[PDB]
Each structure stands twice: as structure tokens, then as C-alpha cells.
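>>> Have a look at this fold, sequence not included:
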DNA sequence: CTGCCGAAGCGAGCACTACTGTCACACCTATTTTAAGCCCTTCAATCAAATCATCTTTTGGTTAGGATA
DNA sequence: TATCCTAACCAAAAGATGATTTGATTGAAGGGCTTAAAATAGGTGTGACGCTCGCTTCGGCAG
């Protein structure tokens, strides 16, 4: 009920946050949700892609220094959120989001945006090595989305000679997205 | 605990892969028992009845001809003999490996 | 030897605990075909970092290339 | 001689360089399951329900 209520007012929320409390299980509450919605025939919006990023990105601990994240890890929220918006706009039109869980897409986009804002200090990091410093947990499909997007950017790069001349690959392309 | 409680479908747990000699023994049981997946599950205590049904479904995709060939290769049925054969052949597989 | 009637005392309306049982139906048994995703080992195949074998520049230092004292 | 400077170069210091194995990364599958449907059979176990006139108490004599 609260899920549908928040959806009517497009208030951001996700299933896991709710189900952590109710002793719930995916089958149980998903089936109950389908039953209630099809019983009452109520209309309800979907999770807008940009709706959830605003609160999700603000949850990171990258915006101020800490022993887990020295300055070389600290970053400004505005730049990375703009980069992630510029990445998700690529994701959907490339069919990447349809039929998939979105939060893996957001996780991969944020990880790579943070890396490429200071890659010299950040190309040495890793998905888990990142997420643990900000007290974040990551999807396994995050790697799948990362491979997909890396393929997409390597496909993108060959269209420009002054990017093609560098013979970009997985190792190097991360620092060039600012130009792409 | 953190708000980023990732959720994904976990019903696809890691089950032990099926052995080749175990598959041969499954076909032998098809020949000598039939398609009674409950009694097969008793014969294969390592495998529950739902695993037996899954094995049937996977094998029938291409090896349905072998299912029929085994089913027509009928044999007298003995639980004790089947158990001894299973354990002995698995031990011999371990020794060969 | 009863009791009248005094003296001391307090009071308030105005202050521009539940079952509990029946009972009915949620709950199951049985499955079959998509079609995407998500899921952990597990094997098979390949990629990546530290070490080993090897080349080079200086300090110690000679012969030899050179010099003073 | 006894010694230093110092081309070339031994020897090691030290500075560093190409290839290999081993630690690590990886694709895809092993394998497992869901919604969308058709359904009828048998059941058992949960859980609906600031005074100041009025009014009260009790001793000390009259008759």
C-alpha cells in the first residue's frame, strides 16, 4: 500500500528498503502485489529512471574527506551526477535498461563516472574496492552493465580520428569519455 | 546494515553437477525401474524427486531416443543391486581419477 | 440527670482483564509451454604481475691511455 | 715507486629491461527459477471475530 502511495506522489523508493523490515520474501510480496493491483485495477506510475538517481547519488560518502576516502577519492557530487545522467541517457536509447534491473546500470555508471573524474588516482580501484569505502553494496550484474557500456564506448570511439589515433581499449578509454 | 540492500533472484542455487556415470545409471534405472521419479529419488538418495524430474526434462530435449532405448532395455529390478552398483562405480571413478 | 444554649470551628460566591470455539477457505497437490533476467559453482581459456636472465652507467680501480710531483 | 684522472672495461652497485610462469581475470555453461494461462481433485491448519454569613460540634450549668 505504501509502495503504491509513494508511486502516486512519485516519491523515490525501492522494494528492498521496504522488504528489509516486513520479514518479506520476493515471491511472497511480489505475488501479493500482483494480486492486489489486478484485484483493484488501480493505475500507478512506474519507477522513472532519473527519479531514483537523485536520492541514490546523494547517499554516497564521496563528497567529503574521510579516512576511508582521502582527497584523491573525494569528488564533487555535481560533476559525477551530470556524468551519470549523460550515461543513463545513453543506456536507455541503447536498449540497455529495458527488461533489466536498473540499479546495476546506475552502479556501473557511477563507478565509471567517479573513476574518469580523476582516473590517475582512480583507474587502480575496483567495483568492490570502491563500494566498500562508501559503505555500499554492488550488484553482480553491475559487471555485466560495465562490459556492455565498455563495448558501447569502444564502438563510439572509432568514429573520430583524433580518438581513433590513440587506439583506445578498456584500459585507456575510461579517461577519454570526457571528450566523447 | 545499509540502505543499499541489493535484491535479486536467488532460487537458482548451486546444485552439484550431474556425473556422466550417474547419467548412465539414471538411464539404467529408466530401463530397469521406469519413470517413477519418486522411487528413482529413493534409489538416488543424493537426488531428490524434483532433481529427477529436471533430469528427465533436460535429457528429453535431445536424448529422448536414449530414454526410449533404455526403457526398452528392460532388466530385473533389485534395490540392493542398484545401490551396490552405484557406490562401486562411483568409488571406481574416484580411483581412476 | 436531662438537655438548652453558649463558644470554637470549617465552608464558598463575588471579587473593573478476553476468550474461544466453529468454520471456511487459504492452502495445497499435479503440470507445461515461453522468454528475458537473475542466480551461485565449475570448467576452460586467457590475461597480468613478480621474478629471472640480461644489458648498461658509475664508483673502485687497473692496464694501459695519460699525467704531475 | 705511491697516486689520481679516467678511455676501456672487470666487479659490483644500481639502474632497468624482455620474457616466462604463476596469480588473476574471464565466458559460458553447469544448474535453477519466476510472470502470463488452464485447472479440479483431496486435505488441514490458520486465524476472522479574601473573606463573612451559613452551618456543625460539644461541655456547664438550670430545673
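On my side now, so go ahead. Numbers count the residues shown, from 1 in each chain, chains lettered A, B, ... in the order given.
>>> Could you work out the end-to-end span of stretch B:1-8 for me?
For stretch B:1-8, the first-to-last residue distance is 17 Å (CA to CA, to the nearest Å).
>>> Establish whether it and chain A are in contact.
Yes. Stretch B:1-8 lies within reach of chain A by CB under 8 Å from any CB of the partner chain, at B:2-8. Using the backbone N, CA and C atoms, a C-beta is placed for each residue, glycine as well.
>>> Pull the residues that contact that stretch.
The contact list for stretch B:1-8 (CB atoms under 8 Å, 6 or more residues apart in numbering or on different chains) reads A:15-17, A:19-20, A:26, A:59, A:101, A:103, A:135-141.
>>> how about residue 73, what does it touch?
In the absence of a named chain, this looks at chain A. A:62, A:121-122, A:133 are the contacts of residue A:73 under CB under 8 Å, 6+ apart.
>>> Sorry, I should have been clearer: chain B.
Residue B:73 touches residue B:31, counting by CB under 8 Å, 6+ apart.
>>> which other residues reach the longest helix anywhere in chain B?
What stands out as the longest helix in chain B, according to DSSP state H, is helix B:79-96. Residues outside helix B:79-96 that contact it (CB under 8 Å, 6+ apart): B:19, B:21-22, B:25, B:28-29, B:32, B:43-44.
>>> and what of stretch A:78-92?
A:49-50, A:53-54, A:57, A:62, A:96-98, A:105-106, A:109-110, A:112-114, A:116-117, A:149, A:152, A:177.
>>> The residue in chain B positioned nearest to DNA strand D in helix, strand or coil?
Closest to DNA strand D within chain B is residue B:15: 2.8 Å, counting by CB to the nearest atom of the strand. Three-state assignment for residue B:15 (DSSP: H, G, I helix; E, B strand; the rest coil): coil.
>>> Now it. Nearest residue, chain neighbours left out?
Nearest residue to residue B:15, sequence neighbours excluded (CB to CB, 6 or more residues apart in numbering or on different chains): residue B:51, at 7.3 Å.
>>> Just list the residues touching the one you found, thanks.
Applying CB under 8 Å, 6+ apart, we find residue B:51 in contact with B:15, B:41, B:44.
>>> Nearest to residue A:11 among the residues of stretch B:1-8 next to chain A?
For the residues of stretch B:1-8 next to chain A, the minimum distance to residue A:11 (CB to CB) is 15.0 Å, reached by residue B:3.
>>> what about the closest one, which SS state?
Secondary structure, three-state DSSP: residue B:3 is coil.
>>> quick one: it and DNA strand C, what's the gap?
Going from residue B:3 to DNA strand C by CB to the nearest atom of the strand, to the nearest Å gives 18 Å.
>>> now residue A:66
For residue A:66 relative to DNA strand C (CB to the nearest atom of the strand), the value is 27 Å.
>>> Then residue A:97?
In terms of CB to the nearest atom of the strand, residue A:97 sits 10 Å off from DNA strand C.
>>> Sticking with the nearest residue to that residue once chain neighbours are set aside, tell me its helix or strand.
Spatial nearest neighbour of residue A:97, excluding adjacent residues (CB to CB, 6+ apart): residue A:91 at 5.2 Å. Using DSSP states H and E, residue A:91 sits in helix A:77-93.
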